[PDB]
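Data block below; observations after.
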Amino acid sequence: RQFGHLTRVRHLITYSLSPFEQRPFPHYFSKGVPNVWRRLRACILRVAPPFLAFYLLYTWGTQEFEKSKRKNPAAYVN
Amino acid sequence: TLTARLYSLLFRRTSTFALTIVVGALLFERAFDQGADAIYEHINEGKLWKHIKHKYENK
Amino acid sequence: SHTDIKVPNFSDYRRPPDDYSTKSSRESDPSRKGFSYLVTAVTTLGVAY
Amino acid sequence: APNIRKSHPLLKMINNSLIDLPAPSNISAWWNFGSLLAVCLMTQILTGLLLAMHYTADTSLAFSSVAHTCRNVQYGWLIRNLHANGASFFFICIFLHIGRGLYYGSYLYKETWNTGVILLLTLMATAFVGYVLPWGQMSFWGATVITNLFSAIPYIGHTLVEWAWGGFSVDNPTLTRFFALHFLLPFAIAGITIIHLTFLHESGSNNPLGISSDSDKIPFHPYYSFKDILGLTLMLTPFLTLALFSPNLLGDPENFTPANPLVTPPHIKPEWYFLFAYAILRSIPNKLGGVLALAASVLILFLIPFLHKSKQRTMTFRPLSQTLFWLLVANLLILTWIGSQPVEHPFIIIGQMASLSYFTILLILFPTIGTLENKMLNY
Amino acid sequence: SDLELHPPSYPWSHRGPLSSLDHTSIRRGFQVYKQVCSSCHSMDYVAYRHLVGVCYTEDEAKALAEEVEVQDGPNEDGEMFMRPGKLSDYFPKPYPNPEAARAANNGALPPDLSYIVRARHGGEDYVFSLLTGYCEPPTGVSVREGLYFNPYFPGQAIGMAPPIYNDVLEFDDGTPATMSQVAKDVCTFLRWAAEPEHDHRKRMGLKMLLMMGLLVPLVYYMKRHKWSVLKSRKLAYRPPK
Amino acid sequence: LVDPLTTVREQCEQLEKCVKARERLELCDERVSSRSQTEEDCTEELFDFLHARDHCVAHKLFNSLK
Amino acid sequence: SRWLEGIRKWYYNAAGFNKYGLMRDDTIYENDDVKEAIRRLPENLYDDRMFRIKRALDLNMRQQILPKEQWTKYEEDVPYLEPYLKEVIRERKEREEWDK
Ligand code: HEM
Ligand code: HEM
Ligand code: HEM
Ligand SMILES: CCCCCCCCO[C@@H]1O[C@H](CO)[C@@H](O)[C@H](O)[C@H]1O
């Protein structure tokens, strides 16, 4: 598929300025950084969980394995 | 007015641009190496052979 | 009717500080292109290395 | 014609695939991996070729030919490193590439997706047979254990392995055919990679919001060329940092000992990018089923397109399955772990559990949470 | 029991990402390799030639290869004969073949140290700990004839007897040759011997980091620049109603 | 001549963890050698001492080496 | 005990396809049915949807959403295609049947 036969579009007016008449990385604070946060706090509660969960299991696992090696002070009290 | 002088003289003509990408590179190389080496070597005084050399080449 | 249509404001919003009406955009932009191209000129440069 | 860039039989091919090519505007950064994957390939083939020019494929010269390449061949050390570490950059990317597709339903473009699975299989094989080449303890033992697996295949089994490699055991006659195979496959990857992009180009490129992009596409080049080159550097910098500061960070030391058939190392395990499956392999005890689990761990990808139920393509607006998805990656991540560990209690369990939670999330949860997710939208 | 003790972790002069090897120490190490290890441990991949320009002068190294004679190609009559080693010869092998060595070191086989530092988990940290670390076996544990207890070694029984005590050799640069100290240099040597690139590879890593630093922001600004035309764009729907 | 090692170990062997670990060790040592038929070894207890001693030996040893 | 109605509203706001300003129907994946369906859609609606969909791609392109005010409220979402999409599907099942 090429250009000129994608869709039946009507009544949309767009306005844009040359790259040289504007700023590249504008308003890092006014709108920039906020949205970055507007995002970290939007998925953290959806992504983090299973990862955190994984972690606990990784730890439990390693710790347990590393315990089942050491001897029990009482396997021989005689 | 560097930037403006720059554009007019160096960045306007496709020809001029390329030509300063080269002369610009030669100069960048020479300067960027020395500088890096320097920074490198200095963070390692008395460890490099270039430093220990004299002891055995006489000194 | 189209006469009823204006171009929104990019003033401040996006325009770099040398762009606000009643002042020729042209005296200030050979300087604006100079910067940009300089950044690009530098990349081609760094890349060659 | 005027343009003379849209008329020429060859340029027209380029100006229609890297310029003037209609790409959606809202393409996410996840789409930067096809690019990377491709350049990742150019890179391997290069460094490899250049590295093959100093290698000898013979039990008695392999290990040292490589060593010599590193100690004698100018910048040889760097080339080897890049190639080795590159293998990983390659898989990390191919894995993020799969991902993006799995969760933007890119896979609904069946043909372009099926070839992609063939790309993964191929890229694997070439990387398995390629690690033997240096002929170190793991190279050898890995080859001997992993190849011998086919042995489970009843009847026409032993005879396959027994022919696959040299004659009776991973020895010279197999290092050669492996070297050859390694040299050949990458070019087949590139070949197929063309078919991949062909099928792709048939339809547009999918996008994050999963709804028709026709509404407003943008010329690839002016934009995406830049976009990808940016990605190239942003991802290539860690590659090099790793490649130049901790060269062996991801490499088994045991593979610095020339192969020796009288010393089987403890903990024989394939490269990390294979572990997840190595895990699911030793999950089921019955040697046969084990292979099948292994085979299915990857081949399942062919089924994904038939397990899509959502009335929506991507899963941007599908919070439920969204956690299911991450719950899944986490799962693979765990399988990886379990694979690097010995076959002992704390693990053995976590292993077959995770392994089980793998096939369920793909086979049964996803599709189910799928429809259920539809009812909730009144559909 | 698959129970083991793991080496600590010393601040080697060459662990910094930007810090190279201390060649003065490398030089030393070479000496302890040559004067003590080289009688059991082969180092097939390094050769005198390498010392040149790194921790020894050309002539200095030339004279150091002379000290050893090597077996060389057929006569005019076809037989093996000896001769003073040149600069191009690789470090001598202590034994004609493995089995030959296994029989000289009571069964065990002293590994070639060319890549040792990277053939064992821990690298120098490991080797060091191992060298300066033998001691009597703990209670209940008994090592057999010919083996020597060393906790740091898996199985805690090494076929290798403590190879390094105070003095044993005398660093000529004028350095207090204490076991601990001597073992340090030997380790920094083993490092170099395993990856001579090291210093080169890092100075390089520096230069790469600075390029990434400079290159990405440029292309970032460039990417941001072309795009702006969209990021800033403004739609509007105007049906004639 | 005196090896800085042995000096910096004497100090370390006095730090809490060490002293606390040396003890838990000497006990097992004198207990395993006291019976005639026991399977216990004092390897574990020993390592803990070494994993502790050495850890600080490292934090300082190299300060004295050239 | 727990209204599907309570739920549906939960999910709607959960999904979030409204923060972009588009109706539920503006997201249904365009398989064969939805394609026929949309083609039957009156022109009023077609252009309406067209703009919405583009306004969404643009937000998404900018990594920015629509201000809270403009978020389409659950109870005001207009199922503009479902009626059509429905006939399409039963029109088809009729044929999928006859041809047997
Ligand atoms: C010289 C100071 C010296 C070094 C250095 C050294 C190192 C070394 C290492 C790291 C090993 C490998 C340990 C492992 O297998 O993980 C090792 C092993 C043996 N060595 Fe050694 N060794 C040094 C010197 C000597 C000397 C002088 C001899 C011979 C008299 C010798 C011998 C051996 C032997 C035998 C082994 C045992 C291997 C085993 O499996 O038991 N070493 N050495
Ligand atoms: C080495 C092999 C591969 C290379 C070089 C490669 C290359 C590409 C390229 C150039 C793109 C375009 C940009 C993008 O959408 O990311 C692409 C798209 C795609 N690839 Fe691959 N690919 C490879 C492997 C795979 C694999 C393993 C799969 C399948 C599991 C796959 C699935 C896809 C699909 C579905 C698209 C994306 C469509 C979209 O969402 O827009 N590719 N691939
Ligand atoms: C598809 C891209 C490729 C992948 C995935 C790949 C992967 C690998 C792997 C895993 C290694 C092992 C590195 C190590 O020893 O740790 C390797 C080695 C090797 N590859 Fe490739 N390779 C690829 C392409 C090539 C090609 C096409 C050539 C050259 C024609 C090549 C030639 C070699 C050689 C000679 C070695 C042995 C030298 C060495 O291992 O250092 N490789 N490759
Ligand atoms: C993509 C960024 C690439 C960074 C450029 C790589 C720089 C490699 O530069 C290398 O530095 C060494 C140390 O001085 C020199 O000995 C080599 O001759 C030189 O090629």
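Letters A, B, ... mark the chains of the structure tokens in the order given; residue numbers begin at 1 per chain; ligand numbers begin at 1, in order shown.
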
- Message: To test your reading of the structure, identify every residue in chain B that backbone DSSP assigns to alpha helix (DSSP H), and report it as a PyMOL selection string.
- Response: chain B and resi 2-6+14-42+49-56

- Could you please extract the residues within 7 Å of ligand 3, counting only C-alpha atoms and all ligand atoms, and hand them back as a ChimeraX atom specification? /D:41,44-45,48-52,55,66,80,83-84,87,90,123,126-128,130-131,133-134,182-184,186-187

Restricted to C-alpha atoms, what would the selected residues look like written as a compact mmCIF listing (two decimals), in the first residue's frame?
```txt
# COMPACT_ATOMS: atom_id res chain seq x y z
CA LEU D 41 22.42 -9.41 11.87
CA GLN D 44 27.18 -10.63 13.30
CA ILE D 45 27.70 -11.70 9.71
CA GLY D 48 31.77 -13.41 12.11
CA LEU D 49 33.09 -13.54 8.55
CA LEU D 50 36.09 -11.48 9.62
CA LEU D 51 36.53 -13.86 12.57
CA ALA D 52 36.09 -17.01 10.51
CA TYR D 55 39.59 -19.99 12.67
CA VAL D 66 40.46 -18.77 18.62
CA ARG D 80 35.73 -11.83 19.04
CA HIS D 83 30.73 -11.24 18.00
CA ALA D 84 30.23 -13.14 21.26
CA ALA D 87 24.99 -12.93 20.05
CA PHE D 90 20.77 -10.32 19.29
CA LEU D 123 18.63 -17.70 14.87
CA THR D 126 22.84 -20.88 14.31
CA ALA D 127 23.72 -19.78 17.85
CA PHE D 128 23.81 -23.29 19.28
CA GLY D 130 28.44 -21.66 16.77
CA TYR D 131 29.15 -21.93 20.46
CA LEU D 133 33.34 -23.81 17.59
CA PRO D 134 35.63 -22.48 20.35
CA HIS D 182 27.18 -21.93 11.45
CA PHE D 183 28.60 -20.22 8.38
CA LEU D 184 25.53 -21.06 6.28
CA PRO D 186 23.06 -16.67 9.07
CA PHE D 187 22.74 -16.06 5.34
```

- Contacts of ligand 4, 9 Å or closer, only C-alpha atoms and all ligand atoms, given as JSON, numbers by chain: {"B": [33, 34, 36, 37, 40], "C": [46, 47, 49], "D": [75, 233, 236, 237, 240], "E": [199, 200, 201, 202, 203, 204, 205, 206, 207, 208, 209, 210, 211, 212, 215]}

- Quick one: which residues from chain G are at most 10 Å off chain A, using only C-alpha atoms, as a list in words? residues 46, 47, 48, 50, 51, 54, 55, 63, 64 and 65 of chain G

Keeping N, CA, C and O atoms, export the residues of the selection given above as a PDB file, in the first residue's frame.
```
ATOM      1  N   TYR G  46     -19.394   8.235  10.216  1.00  0.00           N
ATOM      2  CA  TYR G  46     -18.089   7.870   9.656  1.00  0.00           C
ATOM      3  C   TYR G  46     -17.043   8.957   9.868  1.00  0.00           C
ATOM      4  O   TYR G  46     -15.968   8.706  10.410  1.00  0.00           O
ATOM      5  N   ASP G  47     -17.341  10.170   9.439  1.00  0.00           N
ATOM      6  CA  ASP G  47     -16.380  11.233   9.628  1.00  0.00           C
ATOM      7  C   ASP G  47     -16.143  11.529  11.102  1.00  0.00           C
ATOM      8  O   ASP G  47     -15.022  11.827  11.497  1.00  0.00           O
ATOM      9  N   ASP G  48     -17.195  11.431  11.913  1.00  0.00           N
ATOM     10  CA  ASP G  48     -17.080  11.663  13.353  1.00  0.00           C
ATOM     11  C   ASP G  48     -16.016  10.706  13.896  1.00  0.00           C
ATOM     12  O   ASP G  48     -15.029  11.129  14.506  1.00  0.00           O
ATOM     13  N   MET G  50     -13.856   8.872  12.238  1.00  0.00           N
ATOM     14  CA  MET G  50     -12.579   9.096  11.571  1.00  0.00           C
ATOM     15  C   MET G  50     -11.750  10.101  12.347  1.00  0.00           C
ATOM     16  O   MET G  50     -10.599   9.850  12.660  1.00  0.00           O
ATOM     17  N   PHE G  51     -12.339  11.250  12.650  1.00  0.00           N
ATOM     18  CA  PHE G  51     -11.631  12.268  13.401  1.00  0.00           C
ATOM     19  C   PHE G  51     -11.247  11.751  14.772  1.00  0.00           C
ATOM     20  O   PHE G  51     -10.092  11.866  15.181  1.00  0.00           O
ATOM     21  N   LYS G  54      -8.365   9.589  14.637  1.00  0.00           N
ATOM     22  CA  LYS G  54      -7.115  10.273  14.340  1.00  0.00           C
ATOM     23  C   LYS G  54      -6.666  11.112  15.528  1.00  0.00           C
ATOM     24  O   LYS G  54      -5.483  11.187  15.816  1.00  0.00           O
ATOM     25  N   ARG G  55      -7.611  11.728  16.227  1.00  0.00           N
ATOM     26  CA  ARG G  55      -7.263  12.561  17.374  1.00  0.00           C
ATOM     27  C   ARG G  55      -6.605  11.695  18.457  1.00  0.00           C
ATOM     28  O   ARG G  55      -5.795  12.183  19.259  1.00  0.00           O
ATOM     29  N   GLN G  63       2.304  10.979  23.411  1.00  0.00           N
ATOM     30  CA  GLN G  63       2.446  10.417  24.752  1.00  0.00           C
ATOM     31  C   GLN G  63       1.616  11.261  25.714  1.00  0.00           C
ATOM     32  O   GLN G  63       1.938  11.347  26.896  1.00  0.00           O
ATOM     33  N   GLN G  64       0.562  11.896  25.219  1.00  0.00           N
ATOM     34  CA  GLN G  64      -0.252  12.744  26.082  1.00  0.00           C
ATOM     35  C   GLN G  64      -1.735  12.397  25.881  1.00  0.00           C
ATOM     36  O   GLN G  64      -2.137  12.040  24.779  1.00  0.00           O
ATOM     37  N   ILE G  65      -2.544  12.472  26.936  1.00  0.00           N
ATOM     38  CA  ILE G  65      -3.967  12.177  26.799  1.00  0.00           C
ATOM     39  C   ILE G  65      -4.797  13.446  26.763  1.00  0.00           C
ATOM     40  O   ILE G  65      -4.284  14.555  26.614  1.00  0.00           O
TER      41      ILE G  65
END
```

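If you look at atom CA of residue D:3 and atom 10 (C, counted along the ligand's line) of ligand 2, they are 25.9 Å away from each other.
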
- Item | Close residues to ligand 1 using only C-alpha atoms and all ligand atoms, limit 9 Å, as a ChimeraX atom specification | /E:29,32-41,101-102,104-113,116-117,119-121,123-124,126-128,130-131,147-148,153-154,157-164,182-183,186-187,190

Save the residues we just selected, N, CA and C atoms, as a compact mmCIF listing (two decimals), in the first residue's frame?
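Okay, again14.txt is ready:
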```
# COMPACT_ATOMS: atom_id res chain seq x y z
N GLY E 29 55.45 -10.40 39.11
CA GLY E 29 54.76 -11.66 38.91
C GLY E 29 55.50 -12.57 37.95
N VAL E 32 58.00 -14.54 39.65
CA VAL E 32 57.56 -15.65 40.48
C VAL E 32 57.02 -16.78 39.62
N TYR E 33 56.50 -16.45 38.44
CA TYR E 33 56.02 -17.51 37.56
C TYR E 33 57.25 -18.29 37.11
N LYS E 34 58.21 -17.54 36.57
CA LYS E 34 59.46 -18.06 36.06
C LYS E 34 60.31 -18.78 37.08
N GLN E 35 60.47 -18.19 38.25
CA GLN E 35 61.32 -18.78 39.28
C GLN E 35 60.69 -19.80 40.22
N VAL E 36 59.37 -19.95 40.19
CA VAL E 36 58.73 -20.92 41.06
C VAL E 36 57.61 -21.77 40.46
N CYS E 37 56.68 -21.17 39.74
CA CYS E 37 55.56 -21.91 39.17
C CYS E 37 55.96 -22.70 37.93
N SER E 38 56.63 -22.03 37.01
CA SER E 38 57.06 -22.61 35.75
C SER E 38 57.73 -23.98 35.81
N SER E 39 57.86 -24.53 37.00
CA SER E 39 58.51 -25.82 37.15
C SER E 39 57.46 -26.90 37.18
N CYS E 40 56.20 -26.49 37.14
CA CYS E 40 55.09 -27.43 37.15
C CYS E 40 53.99 -26.96 36.25
N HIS E 41 53.83 -25.64 36.17
CA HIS E 41 52.78 -25.07 35.35
C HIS E 41 53.21 -24.52 34.00
N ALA E 101 53.51 -35.59 33.44
CA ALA E 101 53.40 -34.65 34.55
C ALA E 101 52.58 -35.23 35.69
N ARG E 102 51.51 -35.93 35.36
CA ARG E 102 50.67 -36.53 36.38
C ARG E 102 51.50 -37.46 37.24
N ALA E 104 54.70 -37.01 37.92
CA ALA E 104 55.71 -36.26 38.64
C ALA E 104 55.10 -35.50 39.80
N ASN E 105 53.79 -35.31 39.74
CA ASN E 105 53.06 -34.61 40.79
C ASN E 105 52.02 -35.53 41.40
N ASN E 106 52.43 -36.74 41.73
CA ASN E 106 51.55 -37.72 42.34
C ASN E 106 50.13 -37.78 41.84
N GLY E 107 49.96 -38.21 40.60
CA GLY E 107 48.63 -38.35 40.04
C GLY E 107 47.99 -37.11 39.45
N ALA E 108 47.91 -36.05 40.24
CA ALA E 108 47.30 -34.81 39.79
C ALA E 108 48.02 -34.20 38.59
N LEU E 109 47.35 -33.27 37.92
CA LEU E 109 47.90 -32.60 36.76
C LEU E 109 47.83 -31.09 36.85
N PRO E 110 48.98 -30.45 37.03
CA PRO E 110 49.03 -29.00 37.13
C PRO E 110 48.57 -28.38 35.82
N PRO E 111 47.43 -27.68 35.85
CA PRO E 111 46.82 -27.01 34.70
C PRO E 111 47.71 -25.94 34.10
N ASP E 112 47.48 -25.63 32.83
CA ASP E 112 48.25 -24.60 32.17
C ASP E 112 47.65 -23.31 32.68
N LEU E 113 48.47 -22.38 33.14
CA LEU E 113 47.97 -21.13 33.68
C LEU E 113 47.64 -20.00 32.73
N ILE E 116 43.99 -19.38 33.43
CA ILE E 116 43.52 -19.75 34.75
C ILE E 116 42.65 -18.70 35.39
N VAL E 117 43.17 -17.48 35.43
CA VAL E 117 42.46 -16.38 36.05
C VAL E 117 41.03 -16.27 35.56
N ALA E 119 39.49 -19.09 34.13
CA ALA E 119 39.01 -20.45 34.03
C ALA E 119 38.38 -20.89 35.36
N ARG E 120 38.47 -20.02 36.36
CA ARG E 120 37.92 -20.34 37.67
C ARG E 120 37.09 -19.17 38.16
N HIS E 121 36.00 -19.45 38.88
CA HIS E 121 35.18 -18.37 39.41
C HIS E 121 35.98 -17.63 40.45
N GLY E 123 38.64 -15.62 39.69
CA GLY E 123 39.80 -15.08 39.04
C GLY E 123 40.90 -14.83 40.03
N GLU E 124 41.56 -13.67 39.96
CA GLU E 124 42.63 -13.39 40.90
C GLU E 124 42.16 -13.54 42.34
N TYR E 126 40.22 -15.47 43.50
CA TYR E 126 40.28 -16.90 43.81
C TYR E 126 41.72 -17.36 44.00
N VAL E 127 42.48 -17.36 42.92
CA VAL E 127 43.86 -17.77 42.96
C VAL E 127 44.61 -17.24 44.18
N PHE E 128 44.48 -15.95 44.47
CA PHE E 128 45.16 -15.35 45.62
C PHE E 128 44.78 -16.11 46.87
N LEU E 130 43.49 -18.86 47.36
CA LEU E 130 44.00 -20.23 47.32
C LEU E 130 45.47 -20.31 47.73
N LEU E 131 46.31 -19.51 47.08
CA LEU E 131 47.74 -19.49 47.38
C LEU E 131 48.00 -19.20 48.84
N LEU E 147 47.63 -35.35 49.30
CA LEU E 147 46.79 -34.18 49.08
C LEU E 147 46.97 -33.22 50.25
N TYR E 148 46.67 -31.93 50.04
CA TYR E 148 46.83 -30.93 51.10
C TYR E 148 45.56 -30.11 51.31
N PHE E 153 39.64 -24.46 47.97
CA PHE E 153 39.59 -25.38 46.83
C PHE E 153 38.47 -26.39 46.96
N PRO E 154 37.59 -26.49 45.95
CA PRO E 154 36.51 -27.47 46.05
C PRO E 154 37.00 -28.87 46.40
N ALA E 157 40.90 -30.61 49.18
CA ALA E 157 42.10 -31.41 49.06
C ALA E 157 42.75 -31.13 47.71
N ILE E 158 43.86 -30.40 47.70
CA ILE E 158 44.58 -30.07 46.46
C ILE E 158 45.81 -30.94 46.28
N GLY E 159 46.08 -31.33 45.04
CA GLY E 159 47.26 -32.13 44.81
C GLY E 159 48.46 -31.23 44.90
N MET E 160 48.20 -29.93 45.01
CA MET E 160 49.26 -28.93 45.10
C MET E 160 49.60 -28.54 46.54
N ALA E 161 50.86 -28.71 46.91
CA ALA E 161 51.33 -28.36 48.23
C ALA E 161 51.55 -26.86 48.23
N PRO E 162 51.48 -26.22 49.40
CA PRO E 162 51.68 -24.77 49.45
C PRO E 162 52.96 -24.44 48.71
N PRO E 163 52.86 -23.81 47.54
CA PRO E 163 53.96 -23.41 46.67
C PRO E 163 54.61 -22.08 46.97
N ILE E 164 54.12 -21.38 47.98
CA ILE E 164 54.69 -20.08 48.21
C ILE E 164 54.77 -19.64 49.68
N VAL E 182 54.17 -11.50 47.50
CA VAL E 182 54.56 -12.19 46.28
C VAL E 182 53.34 -12.75 45.55
N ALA E 183 52.40 -13.39 46.26
CA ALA E 183 51.20 -13.95 45.61
C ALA E 183 50.38 -12.89 44.88
N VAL E 186 51.93 -12.31 41.43
CA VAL E 186 51.71 -13.49 40.59
C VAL E 186 50.31 -13.41 40.04
N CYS E 187 49.38 -12.95 40.86
CA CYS E 187 48.03 -12.85 40.39
C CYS E 187 47.91 -11.78 39.34
N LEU E 190 49.03 -13.35 36.18
CA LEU E 190 48.03 -14.24 35.62
C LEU E 190 46.94 -13.48 34.90
```

Cut-off 8 Å: closest chain A/chain F atom pairs per residue, using only C-alpha atoms, as a tab-separated table:
```
residue	atom	partner	partner_atom	distance
A:70	CA	F:44	CA	7.0
A:76	CA	F:38	CA	7.7
A:78	CA	F:38	CA	7.7
```

Could you pull the residues within 12 Å of residue C:2, counting only C-alpha atoms, minus those fewer than 5 positions along the same chain, as a PDB file with N, CA, C and O atoms, in the first residue's frame?
```
ATOM      1  N   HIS A  11     -12.870  16.769   6.341  1.00  0.00           N
ATOM      2  CA  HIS A  11     -13.067  17.825   7.316  1.00  0.00           C
ATOM      3  C   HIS A  11     -12.061  17.967   8.450  1.00  0.00           C
ATOM      4  O   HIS A  11     -12.388  18.489   9.506  1.00  0.00           O
ATOM      5  N   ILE A  13      -8.662  19.687   9.684  1.00  0.00           N
ATOM      6  CA  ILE A  13      -7.746  20.765   9.381  1.00  0.00           C
ATOM      7  C   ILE A  13      -6.628  20.669  10.387  1.00  0.00           C
ATOM      8  O   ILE A  13      -6.889  20.676  11.585  1.00  0.00           O
TER       9      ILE A  13
ATOM     10  N   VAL C   7      -5.393  30.153  12.822  1.00  0.00           N
ATOM     11  CA  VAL C   7      -4.357  29.181  13.120  1.00  0.00           C
ATOM     12  C   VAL C   7      -4.118  29.302  14.606  1.00  0.00           C
ATOM     13  O   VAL C   7      -3.870  30.383  15.104  1.00  0.00           O
TER      14      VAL C   7
ATOM     15  N   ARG E 238     -13.986  20.364  11.329  1.00  0.00           N
ATOM     16  CA  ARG E 238     -14.920  21.395  10.900  1.00  0.00           C
ATOM     17  C   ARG E 238     -16.013  21.015   9.914  1.00  0.00           C
ATOM     18  O   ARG E 238     -16.057  21.548   8.818  1.00  0.00           O
ATOM     19  N   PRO E 239     -16.922  20.102  10.290  1.00  0.00           N
ATOM     20  CA  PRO E 239     -17.994  19.722   9.367  1.00  0.00           C
ATOM     21  C   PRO E 239     -18.842  20.959   9.098  1.00  0.00           C
ATOM     22  O   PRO E 239     -19.121  21.724  10.019  1.00  0.00           O
ATOM     23  N   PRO E 240     -19.268  21.168   7.836  1.00  0.00           N
ATOM     24  CA  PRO E 240     -20.086  22.326   7.462  1.00  0.00           C
ATOM     25  C   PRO E 240     -21.432  22.327   8.192  1.00  0.00           C
ATOM     26  O   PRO E 240     -22.175  23.319   8.150  1.00  0.00           O
TER      27      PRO E 240
END
```

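One finds atom CA of residue D:120 at 13.8 Å from atom CA of residue D:296.
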
- Task: For chain B, report every residue with an atom at most 6 Å from chain C (counting only C-alpha atoms), formatted as a PyMOL selection string.
- Result: chain B and resi 3-4+7+21+25

- Task: Give me, as a list in words, the contact residues of chain E against chain C at a cut-off of 10 Å, counting only C-alpha atoms.
- Result: residues 211, 212, 214, 215, 216, 217, 218, 219, 221, 222, 225, 228, 231, 232, 233, 234, 235, 236, 238 and 240 of chain E

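Nearest to ligand 2 of all the residues D:376, D:195, D:242, D:338 is D:195, counting only C-alpha atoms and all ligand atoms.
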
- Note on the structure: In Å and to one decimal, atom CA of residue F:59 is distant from atom CA of residue D:243 by 28.8 Å

- Message: When you look at residue D:307 with a cut-off of 12 Å (counting only C-alpha atoms), what residues show up, excluding the ones that are within fewer than 6 positions of it in the same chain? I need them as number ranges by chain.
- Response: D: 102, 105, 107-108, 300-301, 360-371

Those selected residues, please, written with N, CA, C and O atoms and delivered as a CSV table (one decimal), in the first residue's frame.
```
chain,number,residue,atom,x,y,z
D,102,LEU,N,3.5,-9.8,20.7
D,102,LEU,CA,2.5,-10.6,21.6
D,102,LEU,C,1.6,-9.6,22.2
D,102,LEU,O,0.4,-10.0,22.4
D,105,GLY,N,-0.8,-7.5,19.5
D,105,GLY,CA,-1.4,-8.5,18.7
D,105,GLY,C,-0.8,-8.4,17.3
D,105,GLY,O,-1.5,-8.7,16.3
D,107,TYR,N,0.9,-10.2,16.0
D,107,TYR,CA,0.8,-11.6,15.5
D,107,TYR,C,-0.5,-11.8,14.7
D,107,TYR,O,-0.6,-12.8,14.0
D,108,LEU,N,-1.4,-10.9,14.7
D,108,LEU,CA,-2.6,-11.1,13.9
D,108,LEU,C,-2.2,-11.1,12.4
D,108,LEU,O,-3.0,-11.6,11.6
D,300,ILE,N,5.0,-23.3,20.5
D,300,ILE,CA,3.7,-22.8,20.9
D,300,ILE,C,3.4,-21.4,20.2
D,300,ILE,O,2.2,-21.1,20.0
D,301,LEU,N,4.4,-20.7,19.9
D,301,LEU,CA,4.3,-19.4,19.3
D,301,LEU,C,3.5,-19.5,18.0
D,301,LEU,O,2.8,-18.5,17.6
D,360,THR,N,-0.2,-22.6,30.8
D,360,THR,CA,-1.5,-22.2,31.2
D,360,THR,C,-1.8,-20.8,30.8
D,360,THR,O,-2.9,-20.5,30.2
D,361,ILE,N,-0.9,-19.9,31.1
D,361,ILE,CA,-1.1,-18.5,30.8
D,361,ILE,C,-1.3,-18.3,29.3
D,361,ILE,O,-2.1,-17.4,28.9
D,362,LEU,N,-0.6,-19.1,28.5
D,362,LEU,CA,-0.7,-19.0,27.0
D,362,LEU,C,-1.9,-19.8,26.5
D,362,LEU,O,-2.7,-19.3,25.7
D,363,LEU,N,-2.0,-21.1,26.9
D,363,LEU,CA,-3.0,-21.9,26.4
D,363,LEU,C,-4.4,-21.7,27.0
D,363,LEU,O,-5.4,-21.6,26.3
D,364,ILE,N,-4.5,-21.5,28.3
D,364,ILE,CA,-5.8,-21.3,28.9
D,364,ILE,C,-6.2,-20.0,29.6
D,364,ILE,O,-7.3,-19.5,29.4
D,365,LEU,N,-5.3,-19.3,30.3
D,365,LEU,CA,-5.7,-18.0,30.9
D,365,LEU,C,-6.0,-17.0,29.8
D,365,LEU,O,-7.2,-16.7,29.5
D,366,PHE,N,-5.0,-16.5,29.2
D,366,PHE,CA,-5.1,-15.5,28.1
D,366,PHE,C,-6.4,-15.6,27.3
D,366,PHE,O,-7.2,-14.6,27.3
D,367,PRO,N,-6.6,-16.7,26.6
D,367,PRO,CA,-7.8,-16.8,25.8
D,367,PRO,C,-9.1,-16.6,26.7
D,367,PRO,O,-10.0,-16.0,26.3
D,368,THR,N,-9.1,-17.2,27.9
D,368,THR,CA,-10.2,-17.1,28.7
D,368,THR,C,-10.4,-15.6,29.3
D,368,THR,O,-11.5,-15.1,29.1
D,369,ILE,N,-9.4,-15.1,29.9
D,369,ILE,CA,-9.5,-13.7,30.4
D,369,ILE,C,-9.9,-12.8,29.2
D,369,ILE,O,-10.4,-11.7,29.4
D,370,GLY,N,-9.6,-13.4,28.0
D,370,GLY,CA,-9.9,-12.7,26.8
D,370,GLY,C,-11.4,-12.5,26.6
D,370,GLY,O,-11.9,-11.3,26.6
D,371,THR,N,-12.2,-13.6,26.5
D,371,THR,CA,-13.6,-13.5,26.3
D,371,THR,C,-14.2,-12.8,27.5
D,371,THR,O,-15.0,-11.9,27.4
```
